[PDB]
There are 2 protein chains.
Amino acid sequence: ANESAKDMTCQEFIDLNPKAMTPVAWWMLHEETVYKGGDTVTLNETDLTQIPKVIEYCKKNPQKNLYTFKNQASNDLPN
Amino acid sequence: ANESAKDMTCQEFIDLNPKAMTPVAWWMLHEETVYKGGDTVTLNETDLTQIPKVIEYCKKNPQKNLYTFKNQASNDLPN
């Protein structure tokens with residue numbers, strides 16, 4: 001266990017099963033959070049737009065880490 | 001994309017990468033639904049205890065649907 005989704009490389013992300021790619025995408029994009037400002041853990045329209053972009057941006061850059069794709073994304077949550 | 005994390009068979013789950021198995025094991029313990037007046041969406045100690053047990057339930061019962069292992073687990077609310 002714990003081969004590390006946060007250390008999965010982008011070439012490996014685009015090669016994992018497309019069933020389990022969907023949970024991986026939000027786990028990363030919302031960075032395993034406890035959720036702040038409320039409990040509205042639903043997919044937001046930014047999130048729904050980013051689910052394809054976190055895949056495209058990996059096949060476009062196969063050398064990158066999977067979890068650094070959080071740095072671009074705002075989601076909805078407060079600082 | 002758009003393969004069924006919600007219908008990954010248990011023989012297919014124990015064959016997915018141990019990197020992305022971790023997101024799927026939470027995702028199944030806490031569905032794409034919305035929360036019920038709390039913050040226990042974290043990898044709390046019940047979830048940390050269930051994440052290995054649901055992997056063990058798939059390799060011992062490889063015919064089951066991975067998401068059946070939610071129906072046993074009353075963890076997706078505050079207590």
# chains A, B, ... in the order shown; residues from 1 in each chain; ligands from 1
$ interface_residues --of "chain B" --to "chain A" --cutoff "7 Å" --atoms "only C-alpha atoms" --output "PyMOL selection string"
chain B and resi 1-5+8+16-20+23-24+27+32-35+37-39+41-42
$ write_last_selection --atoms "N, CA and C atoms" --output "tab-separated table (two decimals), in the first residue's frame"
chain	number	residue	atom	x	y	z
B	1	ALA	N	-11.79	9.40	-20.64
B	1	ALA	CA	-12.33	9.40	-19.25
B	1	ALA	C	-13.77	8.84	-19.21
B	2	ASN	N	-14.42	8.88	-18.04
B	2	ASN	CA	-15.80	8.40	-17.80
B	2	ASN	C	-15.93	6.86	-17.92
B	3	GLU	N	-15.27	6.22	-16.96
B	3	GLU	CA	-15.33	4.83	-16.57
B	3	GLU	C	-15.85	4.89	-15.12
B	4	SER	N	-16.50	3.82	-14.69
B	4	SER	CA	-17.32	3.76	-13.50
B	4	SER	C	-16.54	3.43	-12.24
B	5	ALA	N	-15.98	4.40	-11.52
B	5	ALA	CA	-15.39	4.13	-10.19
B	5	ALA	C	-16.42	3.39	-9.29
B	8	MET	N	-16.35	-0.30	-10.44
B	8	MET	CA	-15.10	-1.05	-10.52
B	8	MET	C	-15.30	-2.38	-9.77
B	16	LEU	N	-5.91	-2.15	-9.85
B	16	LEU	CA	-5.59	-0.72	-10.02
B	16	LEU	C	-4.33	-0.35	-9.21
B	17	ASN	N	-3.65	0.75	-9.57
B	17	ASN	CA	-2.37	1.13	-8.95
B	17	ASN	C	-2.55	1.52	-7.46
B	18	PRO	N	-1.74	1.01	-6.52
B	18	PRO	CA	-1.80	1.37	-5.09
B	18	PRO	C	-1.65	2.88	-4.79
B	19	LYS	N	-1.08	3.68	-5.71
B	19	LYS	CA	-1.09	5.15	-5.70
B	19	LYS	C	-2.54	5.63	-5.69
B	20	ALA	N	-3.30	5.33	-6.74
B	20	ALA	CA	-4.68	5.79	-6.89
B	20	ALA	C	-5.73	4.95	-6.13
B	23	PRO	N	-7.18	7.37	-2.92
B	23	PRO	CA	-8.34	8.20	-3.29
B	23	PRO	C	-9.62	7.41	-3.47
B	24	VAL	N	-9.59	6.29	-4.18
B	24	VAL	CA	-10.80	5.48	-4.42
B	24	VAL	C	-11.38	4.92	-3.11
B	27	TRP	N	-13.06	7.68	-1.57
B	27	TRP	CA	-14.18	8.14	-2.34
B	27	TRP	C	-15.43	7.27	-2.17
B	32	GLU	N	-19.77	11.03	-3.61
B	32	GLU	CA	-19.91	12.35	-4.25
B	32	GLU	C	-21.13	13.19	-3.78
B	33	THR	N	-21.91	12.68	-2.83
B	33	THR	CA	-22.96	13.42	-2.12
B	33	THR	C	-22.40	14.60	-1.29
B	34	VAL	N	-23.28	15.37	-0.65
B	34	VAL	CA	-22.95	16.55	0.16
B	34	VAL	C	-23.17	16.27	1.65
B	35	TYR	N	-22.44	16.98	2.51
B	35	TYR	CA	-22.37	16.67	3.93
B	35	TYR	C	-23.57	17.17	4.77
B	37	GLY	N	-23.96	18.72	8.15
B	37	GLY	CA	-23.80	19.65	9.28
B	37	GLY	C	-22.53	19.44	10.11
B	38	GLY	N	-21.44	18.97	9.49
B	38	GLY	CA	-20.16	18.71	10.16
B	38	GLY	C	-18.94	18.72	9.23
B	39	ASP	N	-17.78	18.31	9.76
B	39	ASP	CA	-16.47	18.39	9.09
B	39	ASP	C	-15.71	17.05	9.03
B	41	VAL	N	-15.36	14.72	7.01
B	41	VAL	CA	-14.87	14.34	5.67
B	41	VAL	C	-13.37	14.05	5.63
B	42	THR	N	-12.60	14.46	6.65
B	42	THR	CA	-11.20	14.07	6.86
B	42	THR	C	-11.00	12.55	6.91
$ calpha_fit_rmsd --fixed "chain A" --moving "chain B"
1.8 Å
$ residues_around --residues "residue 64 (chain B)" --least-positions-apart "6" --cutoff "10 Å" --atoms "only C-alpha atoms" --output "list in words"
residues 7, 8, 9, 10, 11, 57 and 58 of chain B
$ select_by_dssp --residues "region 3-53 of chain B" --states "alpha helix (DSSP H)" --output "VMD selection string"
chain B and resid 10 to 13 18 to 29 45 to 53
$ residues_around --residues "residue 44 (chain A)" --least-positions-apart "3" --cutoff "9 Å" --atoms "only C-alpha atoms" --output "PDB file with N, CA and C atoms, in the first residue's frame"
ATOM      1  N   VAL A  41     -19.350  20.370   0.053  1.00  0.00           N
ATOM      2  CA  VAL A  41     -18.321  19.533  -0.609  1.00  0.00           C
ATOM      3  C   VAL A  41     -18.692  19.073  -2.030  1.00  0.00           C
ATOM      4  N   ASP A  47     -14.635  23.451 -10.458  1.00  0.00           N
ATOM      5  CA  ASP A  47     -14.148  22.085 -10.258  1.00  0.00           C
ATOM      6  C   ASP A  47     -14.473  21.241 -11.489  1.00  0.00           C
ATOM      7  N   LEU A  48     -15.727  21.288 -11.957  1.00  0.00           N
ATOM      8  CA  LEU A  48     -16.205  20.554 -13.134  1.00  0.00           C
ATOM      9  C   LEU A  48     -15.425  20.933 -14.400  1.00  0.00           C
ATOM     10  N   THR A  49     -15.015  22.202 -14.510  1.00  0.00           N
ATOM     11  CA  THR A  49     -14.157  22.692 -15.598  1.00  0.00           C
ATOM     12  C   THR A  49     -12.728  22.180 -15.447  1.00  0.00           C
ATOM     13  N   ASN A  75     -10.884  26.541  -6.633  1.00  0.00           N
ATOM     14  CA  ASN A  75     -12.116  25.861  -6.182  1.00  0.00           C
ATOM     15  C   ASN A  75     -13.240  26.827  -5.730  1.00  0.00           C
ATOM     16  N   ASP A  76     -13.347  27.084  -4.425  1.00  0.00           N
ATOM     17  CA  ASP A  76     -14.441  27.780  -3.747  1.00  0.00           C
ATOM     18  C   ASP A  76     -14.087  28.131  -2.283  1.00  0.00           C
TER      19      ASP A  76
END
$ atom_distance --atom1 "CA of residue 77 (chain A)" --atom2 "CA of residue 62 (chain A)"
28.5 Å
$ decode --residues "region 17-63 of chain A" --atoms "N, CA and C atoms" --output "PDB file, in the first residue's frame"
ATOM      1  N   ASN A  17      -6.223   3.388 -14.417  1.00  0.00           N
ATOM      2  CA  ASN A  17      -7.572   3.086 -14.953  1.00  0.00           C
ATOM      3  C   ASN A  17      -8.505   4.319 -14.903  1.00  0.00           C
ATOM      4  N   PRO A  18      -9.237   4.668 -15.980  1.00  0.00           N
ATOM      5  CA  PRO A  18     -10.117   5.838 -16.011  1.00  0.00           C
ATOM      6  C   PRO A  18     -11.278   5.802 -14.999  1.00  0.00           C
ATOM      7  N   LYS A  19     -11.620   4.626 -14.429  1.00  0.00           N
ATOM      8  CA  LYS A  19     -12.513   4.473 -13.271  1.00  0.00           C
ATOM      9  C   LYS A  19     -11.945   5.267 -12.102  1.00  0.00           C
ATOM     10  N   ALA A  20     -10.756   4.878 -11.651  1.00  0.00           N
ATOM     11  CA  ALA A  20     -10.102   5.501 -10.501  1.00  0.00           C
ATOM     12  C   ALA A  20      -9.440   6.853 -10.789  1.00  0.00           C
ATOM     13  N   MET A  21      -9.308   7.269 -12.049  1.00  0.00           N
ATOM     14  CA  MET A  21      -8.834   8.645 -12.345  1.00  0.00           C
ATOM     15  C   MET A  21      -9.755   9.737 -11.762  1.00  0.00           C
ATOM     16  N   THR A  22     -11.071   9.522 -11.784  1.00  0.00           N
ATOM     17  CA  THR A  22     -12.085  10.501 -11.314  1.00  0.00           C
ATOM     18  C   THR A  22     -11.971  10.877  -9.822  1.00  0.00           C
ATOM     19  N   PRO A  23     -11.923   9.926  -8.865  1.00  0.00           N
ATOM     20  CA  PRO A  23     -11.594  10.224  -7.460  1.00  0.00           C
ATOM     21  C   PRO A  23     -10.212  10.851  -7.283  1.00  0.00           C
ATOM     22  N   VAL A  24      -9.192  10.367  -7.994  1.00  0.00           N
ATOM     23  CA  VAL A  24      -7.828  10.932  -7.927  1.00  0.00           C
ATOM     24  C   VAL A  24      -7.816  12.423  -8.272  1.00  0.00           C
ATOM     25  N   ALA A  25      -8.572  12.806  -9.301  1.00  0.00           N
ATOM     26  CA  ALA A  25      -8.650  14.179  -9.783  1.00  0.00           C
ATOM     27  C   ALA A  25      -9.157  15.131  -8.693  1.00  0.00           C
ATOM     28  N   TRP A  26     -10.250  14.814  -7.984  1.00  0.00           N
ATOM     29  CA  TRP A  26     -10.744  15.716  -6.928  1.00  0.00           C
ATOM     30  C   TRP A  26      -9.886  15.621  -5.669  1.00  0.00           C
ATOM     31  N   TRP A  27      -9.375  14.433  -5.290  1.00  0.00           N
ATOM     32  CA  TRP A  27      -8.474  14.279  -4.139  1.00  0.00           C
ATOM     33  C   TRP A  27      -7.283  15.239  -4.203  1.00  0.00           C
ATOM     34  N   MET A  28      -6.729  15.370  -5.412  1.00  0.00           N
ATOM     35  CA  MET A  28      -5.640  16.264  -5.752  1.00  0.00           C
ATOM     36  C   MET A  28      -6.096  17.723  -5.797  1.00  0.00           C
ATOM     37  N   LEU A  29      -7.151  18.014  -6.569  1.00  0.00           N
ATOM     38  CA  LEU A  29      -7.569  19.383  -6.883  1.00  0.00           C
ATOM     39  C   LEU A  29      -8.084  20.135  -5.641  1.00  0.00           C
ATOM     40  N   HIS A  30      -8.671  19.407  -4.684  1.00  0.00           N
ATOM     41  CA  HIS A  30      -9.094  19.906  -3.364  1.00  0.00           C
ATOM     42  C   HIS A  30      -8.133  19.474  -2.232  1.00  0.00           C
ATOM     43  N   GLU A  31      -6.981  18.891  -2.585  1.00  0.00           N
ATOM     44  CA  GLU A  31      -5.862  18.488  -1.714  1.00  0.00           C
ATOM     45  C   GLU A  31      -6.285  17.854  -0.367  1.00  0.00           C
ATOM     46  N   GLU A  32      -7.068  16.767  -0.426  1.00  0.00           N
ATOM     47  CA  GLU A  32      -7.488  15.951   0.737  1.00  0.00           C
ATOM     48  C   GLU A  32      -8.140  16.748   1.903  1.00  0.00           C
ATOM     49  N   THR A  33      -8.595  17.976   1.630  1.00  0.00           N
ATOM     50  CA  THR A  33      -9.057  18.952   2.637  1.00  0.00           C
ATOM     51  C   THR A  33     -10.180  18.460   3.571  1.00  0.00           C
ATOM     52  N   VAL A  34     -10.227  19.059   4.769  1.00  0.00           N
ATOM     53  CA  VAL A  34     -11.318  18.912   5.748  1.00  0.00           C
ATOM     54  C   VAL A  34     -12.545  19.788   5.437  1.00  0.00           C
ATOM     55  N   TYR A  35     -12.399  20.686   4.457  1.00  0.00           N
ATOM     56  CA  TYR A  35     -13.399  21.629   3.963  1.00  0.00           C
ATOM     57  C   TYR A  35     -13.722  22.793   4.928  1.00  0.00           C
ATOM     58  N   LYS A  36     -13.491  24.030   4.457  1.00  0.00           N
ATOM     59  CA  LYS A  36     -13.591  25.281   5.237  1.00  0.00           C
ATOM     60  C   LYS A  36     -14.659  26.234   4.676  1.00  0.00           C
ATOM     61  N   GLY A  37     -15.152  27.144   5.524  1.00  0.00           N
ATOM     62  CA  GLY A  37     -16.226  28.109   5.206  1.00  0.00           C
ATOM     63  C   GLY A  37     -17.649  27.525   5.186  1.00  0.00           C
ATOM     64  N   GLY A  38     -17.774  26.196   5.209  1.00  0.00           N
ATOM     65  CA  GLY A  38     -19.026  25.432   5.217  1.00  0.00           C
ATOM     66  C   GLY A  38     -18.764  23.943   4.976  1.00  0.00           C
ATOM     67  N   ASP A  39     -19.801  23.200   4.584  1.00  0.00           N
ATOM     68  CA  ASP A  39     -19.743  21.758   4.273  1.00  0.00           C
ATOM     69  C   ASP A  39     -20.283  21.399   2.875  1.00  0.00           C
ATOM     70  N   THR A  40     -20.332  22.389   1.977  1.00  0.00           N
ATOM     71  CA  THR A  40     -20.790  22.284   0.580  1.00  0.00           C
ATOM     72  C   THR A  40     -19.728  21.604  -0.304  1.00  0.00           C
ATOM     73  N   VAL A  41     -19.350  20.370   0.053  1.00  0.00           N
ATOM     74  CA  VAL A  41     -18.321  19.533  -0.609  1.00  0.00           C
ATOM     75  C   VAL A  41     -18.692  19.073  -2.030  1.00  0.00           C
ATOM     76  N   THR A  42     -19.854  19.495  -2.533  1.00  0.00           N
ATOM     77  CA  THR A  42     -20.327  19.297  -3.904  1.00  0.00           C
ATOM     78  C   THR A  42     -19.333  19.833  -4.944  1.00  0.00           C
ATOM     79  N   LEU A  43     -19.312  19.237  -6.145  1.00  0.00           N
ATOM     80  CA  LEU A  43     -18.555  19.780  -7.280  1.00  0.00           C
ATOM     81  C   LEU A  43     -19.110  21.151  -7.706  1.00  0.00           C
ATOM     82  N   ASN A  44     -18.249  22.168  -7.668  1.00  0.00           N
ATOM     83  CA  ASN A  44     -18.512  23.532  -8.135  1.00  0.00           C
ATOM     84  C   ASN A  44     -18.211  23.639  -9.642  1.00  0.00           C
ATOM     85  N   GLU A  45     -18.703  24.663 -10.344  1.00  0.00           N
ATOM     86  CA  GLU A  45     -18.514  24.748 -11.807  1.00  0.00           C
ATOM     87  C   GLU A  45     -17.044  24.959 -12.210  1.00  0.00           C
ATOM     88  N   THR A  46     -16.250  25.615 -11.354  1.00  0.00           N
ATOM     89  CA  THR A  46     -14.781  25.659 -11.501  1.00  0.00           C
ATOM     90  C   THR A  46     -14.215  24.244 -11.444  1.00  0.00           C
ATOM     91  N   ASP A  47     -14.635  23.451 -10.458  1.00  0.00           N
ATOM     92  CA  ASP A  47     -14.148  22.085 -10.258  1.00  0.00           C
ATOM     93  C   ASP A  47     -14.473  21.241 -11.489  1.00  0.00           C
ATOM     94  N   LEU A  48     -15.727  21.288 -11.957  1.00  0.00           N
ATOM     95  CA  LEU A  48     -16.205  20.554 -13.134  1.00  0.00           C
ATOM     96  C   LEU A  48     -15.425  20.933 -14.400  1.00  0.00           C
ATOM     97  N   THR A  49     -15.015  22.202 -14.510  1.00  0.00           N
ATOM     98  CA  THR A  49     -14.157  22.692 -15.598  1.00  0.00           C
ATOM     99  C   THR A  49     -12.728  22.180 -15.447  1.00  0.00           C
ATOM    100  N   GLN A  50     -12.216  22.062 -14.221  1.00  0.00           N
ATOM    101  CA  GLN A  50     -10.848  21.624 -13.954  1.00  0.00           C
ATOM    102  C   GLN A  50     -10.665  20.105 -14.040  1.00  0.00           C
ATOM    103  N   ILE A  51     -11.700  19.276 -13.842  1.00  0.00           N
ATOM    104  CA  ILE A  51     -11.575  17.803 -13.942  1.00  0.00           C
ATOM    105  C   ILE A  51     -10.963  17.350 -15.288  1.00  0.00           C
ATOM    106  N   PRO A  52     -11.382  17.860 -16.468  1.00  0.00           N
ATOM    107  CA  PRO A  52     -10.672  17.590 -17.723  1.00  0.00           C
ATOM    108  C   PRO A  52      -9.298  18.264 -17.800  1.00  0.00           C
ATOM    109  N   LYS A  53      -9.129  19.493 -17.285  1.00  0.00           N
ATOM    110  CA  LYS A  53      -7.862  20.232 -17.400  1.00  0.00           C
ATOM    111  C   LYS A  53      -6.720  19.591 -16.637  1.00  0.00           C
ATOM    112  N   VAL A  54      -6.978  18.979 -15.488  1.00  0.00           N
ATOM    113  CA  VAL A  54      -5.958  18.237 -14.729  1.00  0.00           C
ATOM    114  C   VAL A  54      -5.505  16.944 -15.428  1.00  0.00           C
ATOM    115  N   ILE A  55      -6.278  16.450 -16.401  1.00  0.00           N
ATOM    116  CA  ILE A  55      -5.909  15.310 -17.259  1.00  0.00           C
ATOM    117  C   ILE A  55      -5.141  15.794 -18.482  1.00  0.00           C
ATOM    118  N   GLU A  56      -5.711  16.762 -19.200  1.00  0.00           N
ATOM    119  CA  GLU A  56      -5.098  17.389 -20.374  1.00  0.00           C
ATOM    120  C   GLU A  56      -3.724  17.959 -20.024  1.00  0.00           C
ATOM    121  N   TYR A  57      -3.618  18.703 -18.921  1.00  0.00           N
ATOM    122  CA  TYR A  57      -2.365  19.322 -18.477  1.00  0.00           C
ATOM    123  C   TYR A  57      -1.291  18.273 -18.125  1.00  0.00           C
ATOM    124  N   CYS A  58      -1.685  17.041 -17.752  1.00  0.00           N
ATOM    125  CA  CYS A  58      -0.762  15.917 -17.527  1.00  0.00           C
ATOM    126  C   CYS A  58      -0.309  15.260 -18.835  1.00  0.00           C
ATOM    127  N   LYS A  59      -1.202  14.907 -19.777  1.00  0.00           N
ATOM    128  CA  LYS A  59      -0.738  14.379 -21.088  1.00  0.00           C
ATOM    129  C   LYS A  59       0.051  15.396 -21.925  1.00  0.00           C
ATOM    130  N   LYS A  60      -0.223  16.684 -21.713  1.00  0.00           N
ATOM    131  CA  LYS A  60       0.554  17.827 -22.224  1.00  0.00           C
ATOM    132  C   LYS A  60       1.923  18.015 -21.552  1.00  0.00           C
ATOM    133  N   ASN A  61       2.079  17.599 -20.288  1.00  0.00           N
ATOM    134  CA  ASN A  61       3.338  17.664 -19.526  1.00  0.00           C
ATOM    135  C   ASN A  61       3.625  16.356 -18.749  1.00  0.00           C
ATOM    136  N   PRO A  62       3.889  15.212 -19.420  1.00  0.00           N
ATOM    137  CA  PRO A  62       4.041  13.896 -18.766  1.00  0.00           C
ATOM    138  C   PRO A  62       5.129  13.788 -17.682  1.00  0.00           C
ATOM    139  N   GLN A  63       6.064  14.743 -17.612  1.00  0.00           N
ATOM    140  CA  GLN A  63       7.184  14.763 -16.669  1.00  0.00           C
ATOM    141  C   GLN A  63       6.810  15.318 -15.281  1.00  0.00           C
TER     142      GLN A  63
END
